[PDB]
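When we count neighbours, we look across all protein chains shown, and the Cβ atoms used for this are built from the backbone with ideal geometry, even at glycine. Read the figures in this text as sums done on the coordinates, not as results from a lab.
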Amino acid sequence: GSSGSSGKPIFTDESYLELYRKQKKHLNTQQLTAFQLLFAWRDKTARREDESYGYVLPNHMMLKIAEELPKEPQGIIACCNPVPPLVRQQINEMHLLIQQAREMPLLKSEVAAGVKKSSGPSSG
């Protein structure tokens, strides 16, 4: 109102690679899929709620979730602490996204895993 041209909805960080390779353990096929789903969603709702993008969902959080890929809506609520009035309100939407990123298979990729450990002390 005071000062701000209504040019166009500039919603893009110049596809900054940093965002992708910001932290170790680069995102995999699926993880990536969800990452985009969340971003787009944030923008859509962001405008609807007449609020900024960040306010809705930050980067760190957005990632943590995309990486978790919780089949259930709870995994999305726990990711945050406390939980915002959004993620909880539109929780249903967020959940769906996670499933949309997991539903799809993992394109050819050499994976390697396998670990086993456990303990159990005692006094008596």
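Would you be able to say whether some residue in segment 108-117 is in a helix (DSSP H, G or I) and within 26 Å of residue 18 (Cβ to Cβ)?
Our first condition is that a residue be in a helix (DSSP H, G or I); within segment 108-117, this holds for none.
No; the residues of segment 108-117 include none that is in a helix (DSSP H, G or I) and within 26 Å of residue 18 (Cβ to Cβ).
How many residues are in contact (Cβ under 8 Å) with a residue 12 or more places away in the chain, part of a loop (DSSP other than H, G, I, E, B) and of a type in the set (S, T, N, Q) when one looks only at segment 63-105?
1
Which helices (runs of 4 or more DSSP H) does segment 1-62 wholly contain that include 3 or more residues that are under 12 Å from the mean Cα position of the chain (by Cα)?
On the way: elements: 17-20, 29-48, 53-56.
Those helices (runs of 4 or more DSSP H) span 29-48.
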